[PDB]
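1. what would the 3D arrangement of this be:
(2 chains)
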Amino acid sequence: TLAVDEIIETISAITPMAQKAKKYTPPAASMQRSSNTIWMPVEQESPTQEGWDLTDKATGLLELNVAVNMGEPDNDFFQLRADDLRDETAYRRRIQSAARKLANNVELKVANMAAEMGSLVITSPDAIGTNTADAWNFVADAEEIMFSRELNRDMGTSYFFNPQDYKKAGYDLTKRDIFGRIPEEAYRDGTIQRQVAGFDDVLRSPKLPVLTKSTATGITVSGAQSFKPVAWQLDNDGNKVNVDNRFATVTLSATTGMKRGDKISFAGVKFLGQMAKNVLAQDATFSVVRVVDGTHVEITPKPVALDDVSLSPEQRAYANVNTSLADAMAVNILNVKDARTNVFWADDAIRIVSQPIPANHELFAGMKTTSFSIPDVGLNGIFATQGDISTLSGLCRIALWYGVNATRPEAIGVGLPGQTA
Amino acid sequence: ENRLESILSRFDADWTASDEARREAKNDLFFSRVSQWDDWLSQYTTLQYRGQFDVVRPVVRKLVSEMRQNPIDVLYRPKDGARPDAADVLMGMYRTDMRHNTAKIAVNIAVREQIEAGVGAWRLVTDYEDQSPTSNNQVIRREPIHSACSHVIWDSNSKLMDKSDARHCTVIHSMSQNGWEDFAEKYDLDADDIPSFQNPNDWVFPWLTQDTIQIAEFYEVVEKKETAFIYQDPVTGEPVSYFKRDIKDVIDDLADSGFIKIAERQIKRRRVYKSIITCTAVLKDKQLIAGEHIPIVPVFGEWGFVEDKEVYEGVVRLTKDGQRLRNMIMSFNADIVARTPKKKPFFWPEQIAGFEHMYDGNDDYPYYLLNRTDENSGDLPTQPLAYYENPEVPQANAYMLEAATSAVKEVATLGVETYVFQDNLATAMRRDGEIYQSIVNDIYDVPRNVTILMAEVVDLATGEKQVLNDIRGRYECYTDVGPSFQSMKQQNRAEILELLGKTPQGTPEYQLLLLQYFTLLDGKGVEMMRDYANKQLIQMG
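-> Residues are numbered from 1 along each chain as shown, chains lettered A, B, ... in the order given. Take a look at the structure below.
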């Protein structure tokens, strides 16, 4: 047989999302004896009272916090053997492909976490190729919902299209019967523009998920509930333990058909202006993050009501919805058709918390361990090898440890076109 | 149309053009530095004996020592019709900034790689130094390049050994994580955006892995006609300066100082731009660097083109087959010595039944006893005792080991002497001298010699920056090859001694001896001797 070892390359993957998401590496000893979690405070909001006589009406102080943790390592444990000759060049090819697949995995979980914890939902009743300039309309709707809520976008904003909708936007640009500079660029290259409708980074991503329709219907809030901004609470032993701020557990009539990633909205509640607390004309949207029990769920925008009388003034200072739940409100489901997602966020919402695996220690003898830098994603793992003469074989393992965290789910959004019927 | 696209197209063309030679050179480096058993499957599965009995390394060591005992360096000589001391200032600058350890180390690294693989290289960079500057708060240093065969990719359309016709060149930097952090800090890059590039090394034969970071620097040369200004020097003569060099800083400060523009000419010159690149983005676009030539100097061994394909070779490429054969034969023979039953008798058990303790190895008995009878067969059948044959090295193994060693010895003769390799190194040093002259004319303050003293014509802008002014009478000296001296004083001492060697014992012998005493180092006794020599030389006029 004649043979040449030139590789025929078949995969060219790209990593925009994990490149844009900031990487965080807290101290290792502190994480080790704190169970791989760390808390960060949340920007403080102040209540206001107008009047002359304010006796006994002095407020307190309340400063909430959120928690970032990690998961479990992702590996490429594959065994080495004799087999055939080209095993030793497939060895290096396997190491490279393993690093590349690890980078892909980080991206996939970043995109999935964004698409499943994104509170803001921008739906459309038709596809993107139907009307003219409606891709711009979609991006502008994203920007406007970020602007009206007075959300922080200082470090940047980003809008990722999926390739189908990116092509449809480019088609909208090139069918314009006029060539200036934007249509000429969209003609020669496929790119619409680097900044559209306000966003300062508009990209396309091929790893954006598809949000399946939820068959859930006829679901109403069961019992009037009020959720309160707290910073800690007492356990059974009296110890004050911290409370994560981006999660509220609501009781509904029945959780049949819902799943992590579902976008809902309660019939009647409206968004606020956060800083000014002015009622918006857009319905408040939430995203479910976990179905607990058969009648409870967990939704990531904690619905602090403005009109809730049982809240302390310092807690009402954190209100983001005009009305509380009322034991009968319908739970509208925003995702009614299967659709690939477009995802936008403020650039500081998603982070990647990374920790090392100290397998280079003296306690690991017999195995040879090096650090393993991954390109694209800015991450570091370990590469470990152990030779076992007993079967006269060896084992190879590339282990990367990290966790993707969404600190501000209210800043991450999703764009669902063609949500008709 | 993309600048990134054009850079990558040129780089990919060169990378595919230089593929066989780079693989062979990396093979030579790995063979002559790490191990001669270029294998992974056999020495990781079913472990056998693999010796290493070198015959090529002593040859490589002898060649390296021979090239180390004969150093070579640039020597600037005045042109034809120019003043006899036109190269003195340039030579002094060169000897000042090339005396450091890094210059010698870079040359030695390049020479060793030239001997072993077939190609080496080094680089000439410029830095800012405040404490001890060569000139203009700047220094020029020489830096090494390790594994130039794979780390320096040249323009494919170059048919010159010293690569003077290369329109571009890409140098691949692989550095640790801390190295990348410091590189980004120095080059104003983003340390958080880890870069990637085509990995030059291969790290096959696992050797664990290579925890590195790869970036590239892409040098390109642009030869064009650009504007020059003809002024009227307030002291004397008409100086020519380039428009781009004084475009904004001192374009009016020259007139303020007193220069009056006389004419404006367009002159063709070369410019060099460096770009920091990664596989997916460009970081620094066209940062103009000083000089007219690419600051990378390559050194070659046996170099040529076969069919529009470059081939270079050292001394190790043609010894590999014989050396590998010798190693294999010696390993086979070692196996024969170990795993072989040795010479012992063959017995039937009934022959020694009851007498087994006599044959174990002790010397407590005067003779060996054997059985004679069997109850059924009557007597033990007669047959002379057999002994297992001694281990033997086959005539095939012996003959082929001798023949392989003889072939390696025959083929590992570079020349008859390293004259051709030293001549290639002299070519590299002449290119080094040319590059250094260009960069000196660009960044250093070069005074002019007048027969009416040395004059420096310079001025400072409103931003307190001094703008050097070099007239076009710059290439007044050419480059030759000479002995490596640490200073101009040492060079003058060598010249005086050489002249004294051929001068007979007349009056110029006394003259040159007094000159030698004048140009000596200082102590107390040598101080008095040099003062006496000065007195004599002054008193004889």
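2. going forward, measure contacts between C-alpha atoms and count neighbours the same way
-> Will do.
3. residue numbers of chain A in contact with chain B?
-> A:19, A:81-82, A:85, A:87-89, A:92, A:368-373, A:375-376, A:378, A:385, A:392-393 (CA under 8 Å from any CA of the partner chain).
4. ok, now with 10 Å
-> Within chain A, the positions near chain B by CA under 10 Å from any CA of the partner chain are A:14, A:19-20, A:22-23, A:80-89, A:91-92, A:95, A:368-379, A:382-385, A:387, A:389, A:392-394.
5. what's residue B:506 sitting at in phi/psi?
-> Main-chain torsions, residue B:506, degrees, to the nearest 10: phi -110, psi -140.
6. hmm, I was thinking of residue B:62
-> As for residue B:62, its main-chain torsions (degrees, to the nearest 10) stand at phi -60, psi -40.
7. now do residue B:111
-> Dihedral angles for residue B:111 - degrees, to the nearest 10 - are phi -70, psi -40.
8. what do you get for residue B:17?
-> According to degrees, to the nearest 10, the main-chain angles of residue B:17 amount to phi -70, psi -30.
9. can you give me the offset of the helix ranked longest in chain A from its chain's centre?
-> The longest helix of chain A (DSSP state H) is helix A:87-117. In terms of CA atoms, centre = their mean, to the nearest Å, the centre of helix A:87-117 is set 19 Å apart from its chain centre.
10. now do stretch B:330-341
-> Mean-position distance between stretch B:330-341 and its chain equals 42 Å (CA atoms, centre = their mean).
11. surely residue A:177 and residue A:171 touch.
-> No - using CA atoms under 10 Å, residue A:177 makes no contact with residue A:171, being 11.6 Å away.
12. now do the shared contacts for these two.
-> Shared contacts of residue A:177 and residue A:171 (CA atoms under 10 Å, 6 or more residues apart in numbering or on different chains): residue A:183.
13. show me what contacts the most centrally placed residue in chain B?
-> When CA atoms, centre = their mean is applied to chain B, the residue found nearest the centroid is residue B:110 (1.0 Å). The contact partners of residue B:110, taken as CA under 10 Å, 6+ apart, are B:104, B:118-122, B:144-148, B:297-300, B:425.
14. shouldn't it be within a strand?
-> No - Residue B:110 sits outside any strand when classified using DSSP: H, G, I helix; E, B strand; the rest coil, being helix.
15. list only buried entries from the residues of chain A next to chain B.
-> A:14, A:19-20, A:22-23, A:80-82, A:87-89, A:91-92, A:95, A:369-379, A:382-385, A:387, A:393-394 (16 or more other CA atoms under 10 Å in any protein chain shown).
16. just those: which are in helices?
-> Within these, residues falling in helices by DSSP H are A:19-20, A:87-89, A:91-92, A:95.
17. tabulate those (TSV), appending distance to residue A:192.
-> Listed next are those as TSV, based on distance: CA to CA, whole Å:
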residue	distance to residue A:192
A:19	21
A:20	20
A:87	45
A:88	45
A:89	42
A:91	41
A:92	39
A:95	37
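18. max pairwise distance over these: which two?
-> Maximum pairwise distance in these, criterion CA to CA, is 36.4 Å, between A:20 and A:87.
19. hang on, residue B:29 packs against residue B:147?
-> Yes - when contacts are counted by CA under 10 Å, residue B:29 is listed as touching residue B:147 (8.2 Å).
20. which residues do these two both contact?
-> With CA under 10 Å, 6+ apart as the test, residue B:29 and residue B:147 both reach B:113, B:117.
21. now the stretch 251-400 of chain B against chain A: closest residue?
-> Closest residue of the stretch 251-400 of chain B to chain A, CA to the nearest CA: residue B:280 (9.6 Å).
22. make that the stretch 401-541 of chain B, sorry
-> Residue nearest to chain A within the stretch 401-541 of chain B (CA to the nearest CA): residue B:404, separated by 26.9 Å.
23. helix, strand, or coil at that residue?
-> With three-state DSSP as the basis, residue B:404 sits in helix.
24. grab the nearest non-local neighbour of it.
-> Nearest residue to residue B:404, sequence neighbours excluded (CA to CA, 6 or more residues apart in numbering or on different chains): residue B:322, at 5.0 Å.
25. list the contacts for that neighbour?
-> The contact partners of residue B:322, taken as CA under 10 Å, 6+ apart, are B:55-56, B:328, B:400-401, B:403-409, B:411.
26. ok, now residue B:365?
-> By CA under 10 Å, 6+ apart, the contact set of residue B:365 is B:357-359.
27. try 8 Å this time
-> Going by CA atoms under 8 Å, 6 or more residues apart in numbering or on different chains, residue B:365 touches residue B:358.
28. now the contacts of residue B:322: which count as buried?
-> Using 16+ other CA under 10 Å as the burial test, the contacts of residue B:322 include B:55-56, B:328, B:400-401, B:404-405, B:407-409 as buried.
29. buried sites along stretch B:477-497?
-> B:477-479, B:481, B:484-485, B:487-488, B:491, B:493, B:496-497.
30. please read the previous query as pertaining to stretch A:62-81.
-> Residues A:62-70, A:74-76, A:80-81 are the ones in stretch A:62-81 that count as buried (16+ other CA under 10 Å).
31. what sits opposite residue A:74 in the beta ladder?
-> Beta bridges link residue A:74 to residue A:400, judged by DSSP bridges.
32. enumerate every residue touching it.
-> Neighbour list for residue A:74: A:102, A:399-401 [criterion: CA under 8 Å, 6+ apart].
33. from the residues you listed, pick the one nearest residue B:335.
-> Of all these, residue B:335 sits closest to residue A:399, with 40.8 Å by CA to CA.
34. now the closest one: closest residue in space, sequence neighbours ignored.
-> residue A:75 (4.5 Å).
35. in the stretch 201-350 of chain B, which spans are strands?
-> Remark: strands assigned in the stretch 201-350 of chain B by DSSP state E, counting those that start in this stretch are B:213-230, B:240-242, B:263-277, B:282-289, B:296-300, B:302-305, B:310-313.
36. give me the contact list for the shortest one.
-> What it means is strand B:240-242. Contacts of strand B:240-242 with the rest of the structure, by CA under 8 Å, 6+ apart, involve B:226-231, B:469-472.
37. do stretch A:159-166 as well
-> Stretch A:159-166 is contacted from outside by A:128, A:135, A:139, A:192, A:199, A:201-208, A:340-345, using CA under 8 Å, 6+ apart.
38. CA atoms of that stretch as PDB?
-> C-alpha atoms of stretch A:159-166 as PDB (Å, rounded to 0.1, in the frame of the first residue of the first chain):
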ATOM      1  CA  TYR A 159     -25.600  40.700  19.700                       C
ATOM      2  CA  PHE A 160     -25.000  37.200  18.200                       C
ATOM      3  CA  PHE A 161     -27.100  36.100  15.200                       C
ATOM      4  CA  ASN A 162     -27.400  32.600  14.000                       C
ATOM      5  CA  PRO A 163     -26.200  32.000  10.500                       C
ATOM      6  CA  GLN A 164     -29.700  31.700   9.000                       C
ATOM      7  CA  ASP A 165     -30.800  35.000  10.300                       C
ATOM      8  CA  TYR A 166     -27.400  36.600   9.500                       C
END
